[PDB]
Structure formats: structure tokens, C-alpha cells
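So this block is target_14.pdb, PDB, C-alpha atoms:
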```pdb
ATOM      1  CA  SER F 283       0.000   0.000   0.000  1.00  0.00           C
ATOM      2  CA  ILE F 284       2.125   2.850  -1.358  1.00  0.00           C
ATOM      3  CA  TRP F 285      -0.180   5.482   0.139  1.00  0.00           C
ATOM      4  CA  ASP F 286       0.601   4.347   3.661  1.00  0.00           C
ATOM      5  CA  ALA F 287       4.296   5.053   2.983  1.00  0.00           C
ATOM      6  CA  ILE F 288       3.321   8.498   1.565  1.00  0.00           C
ATOM      7  CA  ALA F 289       1.160   9.124   4.618  1.00  0.00           C
ATOM      8  CA  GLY F 290       3.915   8.153   7.042  1.00  0.00           C
ATOM      9  CA  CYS F 291       6.127  10.724   5.245  1.00  0.00           C
ATOM     10  CA  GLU F 292       3.501  13.475   4.951  1.00  0.00           C
ATOM     11  CA  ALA F 293       1.643  13.144   8.248  1.00  0.00           C
ATOM     12  CA  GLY F 294       3.285  10.395  10.379  1.00  0.00           C
ATOM     13  CA  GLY F 295       0.409   8.064   9.495  1.00  0.00           C
ATOM     14  CA  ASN F 296      -2.253  10.361  10.916  1.00  0.00           C
ATOM     15  CA  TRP F 297      -4.996  10.448   8.337  1.00  0.00           C
ATOM     16  CA  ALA F 298      -7.080  12.842  10.424  1.00  0.00           C
ATOM     17  CA  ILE F 299      -4.354  15.430  10.780  1.00  0.00           C
ATOM     18  CA  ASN F 300      -5.348  19.093  10.589  1.00  0.00           C
ATOM     19  CA  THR F 301      -2.559  21.294  11.833  1.00  0.00           C
ATOM     20  CA  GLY F 302      -3.476  24.587  10.229  1.00  0.00           C
ATOM     21  CA  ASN F 303      -0.608  24.526   7.696  1.00  0.00           C
ATOM     22  CA  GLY F 304      -2.791  24.719   4.602  1.00  0.00           C
ATOM     23  CA  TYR F 305      -2.817  20.943   4.174  1.00  0.00           C
ATOM     24  CA  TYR F 306      -5.137  18.263   5.386  1.00  0.00           C
ATOM     25  CA  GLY F 307      -5.119  14.584   6.217  1.00  0.00           C
ATOM     26  CA  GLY F 308      -2.799  11.680   5.642  1.00  0.00           C
ATOM     27  CA  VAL F 309      -1.386  12.814   2.314  1.00  0.00           C
ATOM     28  CA  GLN F 310      -1.571  16.537   3.053  1.00  0.00           C
ATOM     29  CA  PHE F 311      -3.983  17.720   0.434  1.00  0.00           C
ATOM     30  CA  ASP F 312      -4.497  21.440   0.092  1.00  0.00           C
ATOM     31  CA  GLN F 313      -8.160  22.327  -0.145  1.00  0.00           C
ATOM     32  CA  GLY F 314      -8.112  23.343  -3.798  1.00  0.00           C
ATOM     33  CA  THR F 315      -6.633  20.018  -4.829  1.00  0.00           C
ATOM     34  CA  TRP F 316      -9.064  18.096  -2.621  1.00  0.00           C
ATOM     35  CA  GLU F 317     -11.964  19.830  -4.316  1.00  0.00           C
ATOM     36  CA  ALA F 318     -10.550  19.734  -7.834  1.00  0.00           C
ATOM     37  CA  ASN F 319     -10.133  15.919  -7.675  1.00  0.00           C
ATOM     38  CA  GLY F 320     -13.650  15.210  -6.416  1.00  0.00           C
ATOM     39  CA  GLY F 321     -13.081  15.197  -2.646  1.00  0.00           C
ATOM     40  CA  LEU F 322     -16.294  16.963  -1.699  1.00  0.00           C
ATOM     41  CA  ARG F 323     -18.205  13.823  -2.698  1.00  0.00           C
ATOM     42  CA  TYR F 324     -16.654  12.177   0.365  1.00  0.00           C
ATOM     43  CA  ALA F 325     -16.133  14.957   2.929  1.00  0.00           C
ATOM     44  CA  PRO F 326     -15.693  18.713   3.366  1.00  0.00           C
ATOM     45  CA  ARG F 327     -11.903  18.349   3.652  1.00  0.00           C
ATOM     46  CA  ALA F 328      -9.389  15.500   3.296  1.00  0.00           C
ATOM     47  CA  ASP F 329      -8.907  15.088   7.055  1.00  0.00           C
ATOM     48  CA  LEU F 330     -12.683  14.473   7.492  1.00  0.00           C
ATOM     49  CA  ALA F 331     -12.671  11.693   4.915  1.00  0.00           C
ATOM     50  CA  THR F 332     -11.577   8.130   5.703  1.00  0.00           C
ATOM     51  CA  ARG F 333      -8.160   6.755   4.680  1.00  0.00           C
ATOM     52  CA  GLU F 334      -9.835   4.837   1.826  1.00  0.00           C
ATOM     53  CA  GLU F 335     -11.681   7.940   0.586  1.00  0.00           C
ATOM     54  CA  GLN F 336      -8.501  10.055   0.804  1.00  0.00           C
ATOM     55  CA  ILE F 337      -6.714   7.341  -1.198  1.00  0.00           C
ATOM     56  CA  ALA F 338      -9.425   7.316  -3.884  1.00  0.00           C
ATOM     57  CA  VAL F 339      -9.061  11.060  -4.331  1.00  0.00           C
ATOM     58  CA  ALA F 340      -5.237  10.653  -4.281  1.00  0.00           C
ATOM     59  CA  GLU F 341      -5.410   8.073  -7.112  1.00  0.00           C
ATOM     60  CA  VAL F 342      -7.337  10.548  -9.296  1.00  0.00           C
ATOM     61  CA  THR F 343      -4.938  13.335  -8.306  1.00  0.00           C
ATOM     62  CA  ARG F 344      -1.900  11.238  -9.147  1.00  0.00           C
ATOM     63  CA  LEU F 345      -3.388  10.341 -12.533  1.00  0.00           C
ATOM     64  CA  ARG F 346      -4.180  13.987 -13.326  1.00  0.00           C
ATOM     65  CA  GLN F 347      -1.147  15.755 -11.744  1.00  0.00           C
ATOM     66  CA  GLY F 348       1.552  13.067 -11.306  1.00  0.00           C
ATOM     67  CA  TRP F 349       3.570  12.077  -8.230  1.00  0.00           C
ATOM     68  CA  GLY F 350       4.878  15.665  -8.126  1.00  0.00           C
ATOM     69  CA  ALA F 351       1.849  16.460  -5.982  1.00  0.00           C
ATOM     70  CA  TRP F 352       3.906  14.857  -3.119  1.00  0.00           C
ATOM     71  CA  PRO F 353       7.513  16.215  -3.872  1.00  0.00           C
ATOM     72  CA  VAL F 354       9.774  14.109  -1.519  1.00  0.00           C
ATOM     73  CA  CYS F 355       7.319  11.679  -0.031  1.00  0.00           C
ATOM     74  CA  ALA F 356       6.360  10.018  -3.330  1.00  0.00           C
ATOM     75  CA  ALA F 357      10.053   9.087  -3.791  1.00  0.00           C
ATOM     76  CA  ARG F 358      10.347   7.892  -0.180  1.00  0.00           C
ATOM     77  CA  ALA F 359       7.403   5.519  -0.870  1.00  0.00           C
ATOM     78  CA  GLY F 360       9.163   4.140  -3.992  1.00  0.00           C
ATOM     79  CA  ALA F 361       7.067   6.129  -6.459  1.00  0.00           C
ATOM     80  CA  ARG F 362       6.728   5.808 -10.168  1.00  0.00           C
TER      81      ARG F 362
END
```
Turn this file's structure into C-alpha cells for me.
Amino acid sequence: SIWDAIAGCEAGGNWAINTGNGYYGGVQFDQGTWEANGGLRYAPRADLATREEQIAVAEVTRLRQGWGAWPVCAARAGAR
């Protein structure tokens, strides 16, 4: 599960994280990217969605934007 490695890197495995840094949840989505990739179907923000829902949105994001959406952590997880 590559996303668990990304989430350990981005958020120490805390999929509910909401620190106030402009990013949300396990893979540290900004709000614009959450919304642009269909996130509002699941929850108001990434950190309010479940791990599985955040992953679904992350799969679409990765397809649309590439692994460059996660600049260091994608590589740390082995990424394509």
C-alpha cells in the first residue's frame, strides 16, 4: 500500500491530521486540490474523509497531476 508510505512521510500516518498549515489529512492535500479531484463527494476536507476515501481522491490526483503532488514523499514511498 504505497499510500501508507506516503502518509507516514507526509503526516506520520495520521490520516485525520489538521494542523493549520494549509494541508489536510494523511497525504496533506491542500483544499483546492481536494476539491478539484472530487473530494467533496466524500467529505468537506481530506482530514474528514476516511483513509480509503482520501486514497481514492489521491489516485485521481496522481493520474491527473503526477507524483509531483507529493515532492519528496512520493520518492520515499518508492514512487513511479
- Item | Non-local contacts of range 314-321 of chain F (12 Å; all atoms listed in the file; under 5 positions in same chain excluded) as a ChimeraX atom specification | /F:304-307,309,326-332,334-347,351-352
- For the file shown, report as a ChimeraX atom specification the outcome of the PyMOL selection byres ((chain F and resi 288) around 12) at residue level. /F:283-287,289-297,307-311,336-337,340,349,351-361
Edge lengths and centre in Å to one decimal, as JSON, of the axis-aligned box that encloses all listed atoms of range 290-302 of chain F with 6 Å added on every side?
```
{"center_x": -0.5, "center_y": 16.3, "center_z": 8.4, "size_x": 25.2, "size_y": 28.5, "size_z": 18.9}
```
